[PDB]
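Visitor: Residue numbers (the authors' numbering), protein chains in the order written: chain b, 170 to 190; chain e, 16 to 60, 67 to 76, 80 to 92, 98 to 152, 159 to 202; chain g, 11 to 140; chain c, 8 to 116; chain d, 187 to 226, 242 to 263, 289 to 348, 366 to 465.
Built from N, CA and C at the ideal position, the CB exists for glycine as well.
Before I ask anything, here is the structure I am working with.
Below, the structure is given as C-alpha cells:
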C-alpha cells in the first residue's frame, strides 16, 4: 500500500505556502 | 471582478507517478501534455506575492489572500506583467527571501487544472522533495459552493492513487 | 465504479465456495448409512434427483465462473489505462507520420507540376497564328 | 499481451478443474480397480482449485489499486478523421492526374 | 474486442458495451451522443440515424465492422457541418440573402453565382467541399487545445496569444481583429467568393489570348 507518502505531502506542502527550504 | 480559487493538494511517490500520469491523462480530456518549467519567487513587504517566469511567456504574478466545505479558498488576484518586473519590485521596496523552480506536467479539465510537479531548491537545482505534488486549482469569479462540489467527485475518482486534502 | 469491483470479488468468492460446498456435500451424500425408516426404493430414487441437481449445480458454478473470468478480461481491456493510453498514443503517433508522409510526397507532386505547368503555360501563349 | 495470456491460461484451468472434478466422481463409481486414485485426484483438486481461486483473487487485488477509472477520454479521433481525409485529398489527386493523362493522351492521337 | 479498442473509445456500463462514437472526446459542442452498440464477430449496430452515408456536395451551378463504423462517424460529423452552417446562415447577416431549405442552404455570394451547399443523404468542386470538413476542425481545435494552457504554471486558461497581448500593450485594433473570427459560413462563402472570381479572371485571360493574336498575352500563374 505504497504509492503515497503522507509525511512527504505535509512536509512538502508546508514549503510551497511558506518557505520550508 | 475578483475571483477566489478552489485548490487542495497531495503528493505522489516516484514509482506511483508512472501510473498517475496515465491515470490523469486518460481520465481528463487533453492531447499530448506539456512539461512546464517555471521559476517562481516570493515577495514580502504581509502581502506575500508570487512572481513566476516560465521557460517566452511573460512574468505572471499572483497574490493569494488569507483563507476564507471540503475546499481551501483564499481571495486571489492574478495579473500578467511584462518583463523586468523583478527590478520593478526591487524599487518598490519588496524583498525576496527565497526562489524555487518547479518542474512537472499539468493536465486540464472543463474548469479545474491538475499540475504535477516537484519543488526544486536553488542556491544549481536540487530536489527538495522526492515525491511530486498535485493540486486542483480552480479559478472562478464570485465563488459559490456549486463549483467546489464538482471537485469532490473528481477527487474521489483520483482517491486510490493519491489521497489529497487541503491544509 | 468501486461498487462494480466489489461485486466482482463477491461473485467469485461465493462461486468458488459453491463449487467446494456442493462437491463435499455430494461426496457427503456419497456415504453409505442406515435404512432407518425410508424405503431404499424411495431413498435411492430420491437421492438420485438431489444428486443430479448437485452435479448440475456445480457446472452452473463453473459456468458462472467462466462468465466472471471472461468478464474480467473485457473489464480489464478498458480500464487498464497504462495499456490503453500507450495504445492510443502509439496509434496516434503512427497515424500522424502517414499524414506527414503523404503530404511530403503530395507537395513534391505540386512542386513538379508547378515547373511542368510553367513550361507548358508558356507554350500555349506562344502558339502562332492560332 | 501482458497478463492477458495469464488470465487466458486461468480460463483454461477452470475447464481442467471441472474435468478433474468429474473424474473424481466418475471413477468413484469404479469397482476394486484403480484403488487409491481418489487420493491423487483429490490432491489434484484441492490444490488446483485453490490455485485457480488465488489467481483470480490476485487479479482483483491487481485491479483495485492500479485501475478502475470510471470514464476514459483518449479520443484518438483528430488523427483518424484527418487521415482518411488526407487520403481523400490524395484520392482527388489520383483521378485528376489520370484525367490529365487522358487529356494529354489525346495530344498524342 | 482488443483490436476494436485501439481505434475507438469504449465505455462499458453494467456489462453493456455501449460505445462512444461522437467527437465529444476529441471535437466538441455537438449535443447528439454517438452510441455504437456491439453485439454478437462483434457486430456493431448504430442508432438507426447514422446509417445513410452522406456528403456535403458543395456544388456551384447558376474489417467489415470497421468500414461500417467509419461511415457512421462521417455521417455524424457531416450532420454537424450542415447544422453549423445552417444555424449561422439565418442567425447572422453579412449583406447576403441566405436561404434555408430542407437540406439545401441556397446563397448568392455574387450576382451570377449560386451556392448549393446541400447535404446529400442515402459541379462538385471538392476543393470547397473538402475545405468544410477541414475548416470545422480548426473551429473544434480552438477549444481544448495546447495553446489554451499557460506556459507559466499558475494562470487562468486562455488563448496564449491573447494572454500575452493584454500585458504587452497591444493596440485597440489588433486585439479586436483577432477576436472577430467569422465562424464557418463567412469563411467558405468568401472563398467561393474567390474560387470563381478567379475563374472569371482566368477564363478571360485565357480567352483573350485566342481572340487577339496581334500582341500575345502571357500569364505565368504563381
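Which of the three DSSP states is assigned to residue 132 (chain e) in this structure?
Guide: The residue you call residue 132 (chain e) lines up with position 103 of the second chain. The answer is strand: DSSP assigns residue 132 (chain e) an E or B state.
Visitor: If the cut is a Cβ gap below 7 Å, which residues of chain c does residue 18 (chain g) touch?
Guide: Start at 1 with the first residue of the third chain, and residue 18 (chain g) comes out as number 8. The answer, in chain order, is 67.
Visitor: DSSP three-state call for residue 252 (chain d): helix, strand or coil?
Guide: Within the fifth chain, residue 252 (chain d) is the residue found at index 51, counting from 1. Residue state, collapsed to three classes: coil.
Visitor: Name the chain c residues that come within less than 9 Å of residue 72 (chain g), Cβ to Cβ?
Guide: Walking along the third chain from the start, residue 72 (chain g) turns up at place 62. Ordered by position in chain c, the residues that pass the 9 Å Cβ test against residue 72 (chain g) are 21, 22, 24, 25, 28.
Visitor: Cβ of residue 421 (chain d) less than 7 Å from any chain e Cβ?
Guide: The residue you call residue 421 (chain d) lines up with position 178 of the fifth chain. It does not; no Cβ of chain e falls within 7 Å.
Visitor: Can you pull the chain c residues whose beta carbon is under 8 Å from the beta carbon of residue 58 (chain g), in chain order?
Guide: The count along the third chain starts at 1 and reaches residue 58 (chain g) at position 48. Residues of chain c passing the Cβ test: none, with the nearest at roughly 13 Å.
Visitor: Please determine, among e:198, e:60, e:164, the residue with the shortest C-alpha to C-alpha distance to residue 121 (chain e).
Guide: The residue given as residue 121 (chain e) occupies position 92 in the second chain. It is e:60 whose Cα lies nearest to the Cα of residue 121 (chain e).
Visitor: For residue 1 (chain c), would you say it is in contact with chain e, using Cβ-to-Cβ distances shorter than 7 Å as the test?
Guide: As displayed, chain c neither begins before 8 nor continues past 116, which places residue 1 (chain c) out of reach and without an answer.
Visitor: With distances taken Cα to Cα, identify the nearest neighbour of residue 172 (chain b) among e:196, e:178, e:202.
Guide: Mapped onto the first chain, residue 172 (chain b) falls at position 3. Here the closest residue by C-alpha is e:196.
Visitor: Would a check of beta-carbon distances place residue 58 (chain c) closer than 7 Å to chain e?
Guide: Counted from its first residue, the fourth chain places residue 58 (chain c) at position 51. With 7 Å as the cut-off, residue 58 (chain c) does not count as an interface residue toward chain e.
Visitor: What does residue 46 (chain c) reach in chain d if we use C-beta pairs closer than 8 Å?
Guide: Working through the fourth chain from its first residue, we reach residue 46 (chain c) at position 39. Ordered by position in chain d, no residue passes the 8 Å Cβ test against residue 46 (chain c), which lies about 41 Å from the chain.
Visitor: Under DSSP, the alpha helix (DSSP H) around residue 118 (chain c) begins and ends at which residues?
Guide: What the structure shows of chain c is the stretch from 8 to 116, and residue 118 (chain c) is not part of that stretch, so it cannot be assessed.
Visitor: Is the region 124-137 of chain g close to the region 72-85 of chain g, with three or more CB pairs under 8 Å?
Guide: Counting Cβ pairs under 8 Å, fewer than three are found: no touch.
Visitor: Is there a C-beta anywhere in chain c that falls below 7 Å from the one on residue 209 (chain d)?
Guide: Here residue 209 (chain d) corresponds to residue number 23 of the fifth chain, with the count starting at 1. Yes, residue 209 (chain d) counts as interfacial toward chain c.
Visitor: Examine the Cβ distances between the region 27-39 of chain e and the region 372-382 of chain d and report whether three or more of them are shorter than 8 Å.
Guide: No, they do not touch.
Visitor: Taking the alpha carbon of residue 108 (chain g) as the reference point, which residue from c:108, c:9, c:97, c:104 has its own alpha carbon closest?
Guide: On the third chain, residue 108 (chain g) is found 98 positions in, with the first residue counted as 1. The residue with the shortest Cα to Cα distance from residue 108 (chain g) is c:97.
Visitor: Can you name the start and end residues of the beta strand (DSSP E) that residue 56 (chain e) belongs to?
Guide: Mapped onto the second chain, residue 56 (chain e) falls at position 41. Per DSSP, residue 56 (chain e) belongs to the beta strand (DSSP E) from 49-59.
Visitor: Quick check on residue 162 (chain e): does DSSP put it in helix, strand or coil?
Guide: Numbered from 1 along the second chain, position 127 holds the residue referred to as residue 162 (chain e). Residue 162 (chain e): strand per DSSP, three-state reduction.
Visitor: Considering just the uninterrupted stretch of the alpha helix (DSSP H) at residue 65 (chain g), what are its terminal residues?
Guide: Translated into positions along the third chain, residue 65 (chain g) becomes position 55. Looking at the DSSP string, the run of the alpha helix (DSSP H) that includes residue 65 (chain g) is 50-89.
Visitor: To the nearest angstrom, how far is the alpha carbon of residue 115 (chain c) from that of residue 223 (chain d)?
Guide: Locating residue 115 (chain c) in the fourth chain gives position 108, counting from the first residue. Locating residue 223 (chain d) in the fifth chain gives position 37, counting from the first residue. About 56 Å.
Visitor: For my contact list, residue 168 (chain e) and residue 143 (chain e) are in at a C-beta cut-off of 8 Å; report their separation, rounded to the angstrom.
Guide: Numbered from its first residue, the second chain carries residue 168 (chain e) at position 133. Numbered from its first residue, the second chain carries residue 143 (chain e) at position 114. About 11 Å separates the two Cβ atoms, so there is no contact after all.
Visitor: I want to verify the contact list: residues of chain e whose CB lies under 9 Å from the CB of residue 400 (chain d), in sequence order.
Guide: Position 157 of the fifth chain, counted from the first residue, corresponds to residue 400 (chain d). In chain order: 137, 140, 142, 174.
Visitor: Which residue wins for smallest C-alpha separation from residue 73 (chain e), given the options d:400, d:449, d:394?
Guide: The residue labelled residue 73 (chain e) in the question sits at position 52 within the second chain. Looking at the Cα atoms, d:394 is the closest of the given residues.
Visitor: To the nearest whole angstrom, what separates the beta carbons of residue 345 (chain d) and residue 329 (chain d), a pair I think is in contact under 8 Å?
Guide: Residue 345 (chain d) sits at position 119 when you count from the first residue of the fifth chain. Residue 329 (chain d) sits at position 103 when you count from the first residue of the fifth chain. Contact holds; Cβ gap of about 5 Å.
Visitor: List the residues of chain c that residue 89 (chain e) touches, going by C-beta distances under 7 Å, in chain order.
Guide: Start at 1 with the first residue of the second chain, and residue 89 (chain e) comes out as number 65. By Cβ distance, chain c contributes nothing, its closest Cβ being about 34 Å from residue 89 (chain e), past 7 Å.
Visitor: Is the distance from the Cβ of residue 100 (chain e) to the Cβ of residue 183 (chain e) below 7 Å?
Guide: The sequence position of residue 100 (chain e) within the second chain is 71, counting from 1. The sequence position of residue 183 (chain e) within the second chain is 148, counting from 1. Cβ distance < 7 Å, so residue 100 (chain e) and residue 183 (chain e) count as in contact.
Visitor: My output table needs one value for residue 128 (chain g): the three-state DSSP class, helix, strand or coil.
Guide: In the third chain, counting from the first residue as 1, residue 128 (chain g) sits at position 118. Reduced to three states, the DSSP call for residue 128 (chain g) is helix.
Visitor: Judging by CA-CA distance, which residue of g:47, g:76, g:25, g:36 is the nearest neighbour of residue 58 (chain g)?
Guide: What you label residue 58 (chain g) is simply residue 48 of the third chain in a count that begins at 1. Ranking the options by Cα distance to residue 58 (chain g), first place goes to g:36.
Visitor: Specify the secondary structure class of residue 257 (chain d) as computed by DSSP and reduced to three states.
Guide: Translated into the one-based positions of the fifth chain, residue 257 (chain d) becomes position 56. It is coil, neither helix nor strand.
Visitor: How is residue 149 (chain e) classed by DSSP in three states: helix, strand or coil?
Guide: In the second chain, residue 149 (chain e) corresponds to position 120, counting from 1. Residue 149 (chain e): strand per DSSP, three-state reduction.
Visitor: With DSSP as the reference, label residue 39 (chain c) as helix, strand or coil.
Guide: The count along the fourth chain starts at 1 and reaches residue 39 (chain c) at position 32. Three-state result, residue 39 (chain c): coil.
Visitor: Can you list the residues of chain d that residue 131 (chain e) reaches, using a CB-CB cut of under 9 Å?
Guide: Within the second chain, residue 131 (chain e) is the residue found at index 102, counting from 1. Chain d residues near residue 131 (chain e): 396.
Visitor: Please confirm whether residue 37 (chain e) has its beta-carbon closer than 7 Å to some beta-carbon of chain d.
Guide: Indexing the second chain from 1 puts residue 37 (chain e) at position 22. Taking Cβ atoms only, chain d never reaches closer than 7 Å to residue 37 (chain e), which makes this a no.
Visitor: Under a three-way DSSP split, which group does residue 309 (chain d) fall into?
Guide: To locate residue 309 (chain d), count along the fifth chain from 1; it is residue 83. Helix.
Visitor: Tell me which residues share the same chain as residue 82 (chain e) and place their Cβ nearer than 8 Å to its Cβ, disregarding the 5 neighbours each side in the sequence.
Guide: Your numbering for residue 82 (chain e) matches position 58 in the second chain. Counting only Cβ-Cβ distances below 8 Å, and skipping sequence neighbours, we find 109, 110, 111, 112.
Visitor: Apart from the five residues just before and just after residue 68 (chain g), which ones in its own chain have a Cβ nearer than 7 Å to its Cβ?
Guide: As a working mapping, residue 68 (chain g) is identified with position 58 in the third chain. Counting only Cβ-Cβ distances below 7 Å, and skipping sequence neighbours, we find 29, 32, 33.
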